[PDB]
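Residue numbers run from 1 in the order of the sequence given.
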Amino acid sequence: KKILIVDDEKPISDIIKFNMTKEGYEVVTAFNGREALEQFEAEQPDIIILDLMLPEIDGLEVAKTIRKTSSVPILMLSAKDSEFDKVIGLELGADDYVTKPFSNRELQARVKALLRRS
């Protein structure tokens, strides 16, 4: 199963990359909205973990732009855990919203849950 980890933070990207790889997932990474859309179009991941510096403005435009063409599960990973952020992320098309810091086992279960419904 392929996960595109759209993260502008390489350390977090490596953590998710390592755990998902240890679990058997192939990982592709993007570090900006341009790459995110580039990697999304180029790699077509089974699930996208969206974590950009601007979750709603950039990630939202990435999600908005991705949602214009794909229903690919988007697990909005964001440090922002407000209901507005949660609701807006979900209202904009995010299928799930996990807050950073996340549990590798839970993220693994949620990716699995997300993937389980796809």
Side-chain angles (χ1 to χ4, degrees), residues 1-52 54-55 57-59 61-118:
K1 240 47 171 140
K2 197 194 277 163
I3 317 181
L4 156 57
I5 308 178
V6 173
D7 224 288
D8 50 0
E9 268 148 335
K10 192 200 180 30
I12 293 279
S13 172
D14 290 342
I15 280 172
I16 300 171
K17 186 176 71 159
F18 179 98
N19 289 112
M20 295 297 165
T21 300
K22 271 221 90 123
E23 261 289 290
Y25 289 119
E26 185 187 358
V27 175
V28 294
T29 61
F31 307 88
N32 60 41
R34 172 145 74 215
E35 283 163 20
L37 290 166
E38 274 170 356
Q39 289 303 332
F40 154 69
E41 303 281 354
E43 294 283 346
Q44 330 185 81
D46 299 290
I47 175 159
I48 300 180
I49 295 181
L50 193 59
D51 188 30
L52 269 179
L54 295 172
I57 288 170
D58 290 337
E61 181 87 4
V62 170
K64 295 180 182 297
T65 318
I66 281 140
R67 265 307 165 269
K68 273 171 199 162
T69 29
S70 163
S71 47
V72 62
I74 294 200
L75 191 151
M76 188 148 308
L77 232 201
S78 163
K80 304 233 214 101
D81 51 350
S82 90
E83 300 303 313
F84 165 81
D85 293 310
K86 286 189 162 128
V87 182
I88 186 48
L90 290 162
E91 288 191 347
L92 249 177
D95 316 58
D96 197 357
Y97 193 113
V98 174
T99 67
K100 291 174 65 175
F102 50 102
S103 140
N104 288 342
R105 261 188 197 335
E106 189 202 352
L107 181 56
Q108 259 170 67
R110 266 170 198 296
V111 161
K112 198 157 54 106
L114 275 225
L115 288 181
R116 214 154 63 200
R117 292 173 296 180
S118 294

### Message
Please give me the minimum heavy-atom distance between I15 and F102, naming the atom from each residue.
### Response
CG2-CZ, 4.4 Å
### Message
Ignoring hydrogens, what is the shortest heavy-atom contact between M76 and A94? Give both atom names and the distance.
### Response
CE-CB, 3.5 Å
### Query
Side chain of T65, backbone of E61: donor and acceptor closer than 3.5 Å?
yes
### Task
Enter the distance from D7:CG to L4:CG here, rounded to the nearest 0.5 Å.
10.0 Å
Distance-only criterion, 3.5 Å: show the donor-acceptor pairs between side-chain atoms of residues 111-118 and protein atoms not counting sequence neighbours.
none

#### Entry: Contact summary for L92 and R67, nearest pair of heavy atoms
O-CG, 4.0 Å
### Summary
The complete set of side-chain hydrogen bond (donor to acceptor under 3.5 Å, both in side chains) pairs with one or both residues in residues 17-26, sequence neighbours excluded, reads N19-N104
### Query
Is there a side-chain contact between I5 and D51 (heavy atoms, below 4.5 Å)?
no
#### Entry: From CG (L50) to CZ (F40), nearest 0.5 Å
11.5 Å
### Query
For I48, which of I66, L75, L77, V28 qualifies under side-chain contact (heavy atoms from CB on, under 4.5 Å)?
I66
### Contacts of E41 that satisfy side-chain contact (heavy atoms from CB on, under 4.5 Å) - sequence neighbours left out
none
### Query
More than 12 non-hydrogen atoms from neighbouring residues, nucleotides or ligands closer than 6.0 Å to NZ on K2, yes or no?
yes
### Task
With rounding to the nearest 0.5 Å, note down the distance linking CD in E83 to CD1 in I88.
13.0 Å
### Message
Any carboxylate oxygen within less than 4.0 angstrom of a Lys/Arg side-chain nitrogen, looking at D95 and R110?
### Response
no
### Message
For the backbone of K80 and the side chain of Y97, can you confirm whether one donor and one acceptor N or O come within less than 3.5 Å of each other?
### Response
yes
### Summary
dist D96:CG -> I49:CD1 (nearest 0.5 Å) comes out at 10.5 Å
### Message
Taking the side chain as everything from C-beta on, heavy atoms only, tell me whether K10 gets closer than 4.5 Å to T29.
### Response
no
### Query
Between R34 (side chain) and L37 (backbone), is there a donor-acceptor pair under 3.5 Å?
no
